[PDB]
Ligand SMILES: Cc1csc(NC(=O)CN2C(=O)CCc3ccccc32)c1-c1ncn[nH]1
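Starting off, we have a lone chain in the form solved without this ligand, written out as structure tokens.
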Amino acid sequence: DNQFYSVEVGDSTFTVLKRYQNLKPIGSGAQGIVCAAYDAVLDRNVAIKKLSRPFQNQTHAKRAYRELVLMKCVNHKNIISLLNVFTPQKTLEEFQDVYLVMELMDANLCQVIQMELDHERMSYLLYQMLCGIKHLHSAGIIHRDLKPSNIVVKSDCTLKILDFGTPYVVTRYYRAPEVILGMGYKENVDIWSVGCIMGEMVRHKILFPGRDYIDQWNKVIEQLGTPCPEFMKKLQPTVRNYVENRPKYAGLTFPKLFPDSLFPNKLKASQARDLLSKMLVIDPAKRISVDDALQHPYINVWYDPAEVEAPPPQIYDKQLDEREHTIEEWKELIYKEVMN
């Protein structure tokens, strides 16, 4: 319709603003279908996600609304943003399709990780990660599912996070101990994940690969050592029964886990290793915080007040998580967000 034109993408019809051209599918749901596209107004490459059946049921509708509000809580260059949101329908009554537009990045971290990186690129990428994470946390959003496949980059060495919790890597490998043992978590749950990613950048191998959670825990203790009693006390009896009765591991020292041979200054190597020893800590009570990681010498070189201390436009209200509405009620809420 006038401002819109249609493109057949497989069995799906994309009806989009004429500013978006050169569409081609790069992902499919499940949750929706994604096309790479050229935005002629911004002269930039974008990703366009068409939500799959957002109004099929209350679950789909709530999820759609939640994604929209989460995106409005964030405004930071190290996090994927919502450049635009539109529907080709002209009234609430016929409102049916929701299109989300975000930045098109070049690739995820999976392959970048497997290649040799100088300390500058390593620390700068991690700095950007920590900036995005801090912004998320300030916005009342703890990711919990950070991994190479949901962190994306461009050839200019810029980095953005998406998925507030191809190639494809299962989460799990990167999930914090408190998560896999079901202990509950706080902000620094995301630091463990950063630690796993940093450790993998350093040796181009997954630190803690397990067929399942149980085997995961084993790889963790084999390398880092059995946690203290005061930690195992925080465990639910069933989990404690298993964990407390494994063979006892002293853990390998960090110089042994990440020797100099894996690094290119001998100073920078010792600093990276010190940071790793503070992130890869089983007990969240003893794990380094985001603010402290940012201030760490390995990271602080890149410090910029505007990038670290930038407050989010909104704080996510967790009350939404328990709220329920009929389909039509969710739909009106979503229509309002879209038309705004």
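C-alpha atoms forming the largest set that superposes within 1.5 Å between two forms make up the rigid core. Start at 1 and count along the sequence shown; that's the residue number.
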query: Residue gap status of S52, at least a third of other entries; finding: no
query: Third-or-more of other entries without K318; finding: yes
query: Between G210 and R211 - deposited residues without coordinates, as a size class; finding: none
query: Residues with no coordinates between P264 and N265, taken from the deposited sequence as a class; finding: 4 to 9
query: Between the two ranges 114 to 122 and 80 to 88, the one averaging a larger CA B factor in the entry; finding: 114 to 122
query: Mean C-alpha B-factor comparison - 57 to 65 and 285 to 293, higher one; finding: 57 to 65
query: Residue with maximal Cα B-factor (values as given in the PDB entry) among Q271, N300, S277, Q31; finding: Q31
query: C-alpha B-factor winner, where the candidates are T326, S12, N22, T15; finding: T326
query: Third of the chain's Cα B-factor distribution that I315 belongs to, per the entry; finding: highest
query: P229, C-alpha B-factor rank within chain (lowest, middle or highest third); finding: highest
query: Relative C-alpha B-factor of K72, binned into the chain's lowest, middle or highest third; finding: highest
query: Chain-relative CA temperature factor third for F254; finding: middle
query: Record-listed C-alpha B factor of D39: chain third; finding: lowest
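Omitted from view is the form solved in complex with this ligand, to which the following refers.
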| query | finding |
| --- | --- |
| Contact check for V220, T226 and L280 against this ligand in the entry with it bound, heavy atom at 4.5 Å | no |
| Residue contact check: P297 to this ligand in the entry with it bound, 4.5 Å heavy atom | no |
| 4.5 angstroms heavy atom contact with this ligand in the entry with it bound for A107 | yes |
| Touches this ligand in the entry with it bound: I141 (any heavy atom, 4.5 Å) | no |
| Contact label in the entry with it bound: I79 to this ligand, heavy atom within 4.5 Å | no |
| Partner-proximal stretch of 147 to 155, 119 to 127, 132 to 140, 251 to 259 relative to this ligand in the entry with it bound, 4.5 angstroms, heavy atom | 147 to 155 |
| Option touching this ligand, based on a heavy atom within 4.5 Å in the entry with it bound, out of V301, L70, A47, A310 | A47 |
| In the entry with it bound: members of 19 to 54 within 4.5 Å of this ligand, any heavy atom | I26, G27, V34, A47 |
| Only residue that shifts (Cα, 2 Å or more, rigid core superposed) between the shown form and the other one, among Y185, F231, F95, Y213 | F95 |
| Shift of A30 between the shown form and the other one at or above 2 Å (CA, core fit) | yes |
| Threshold 2 Å Cα movement between the shown form and the other one for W302, core superposed | no |
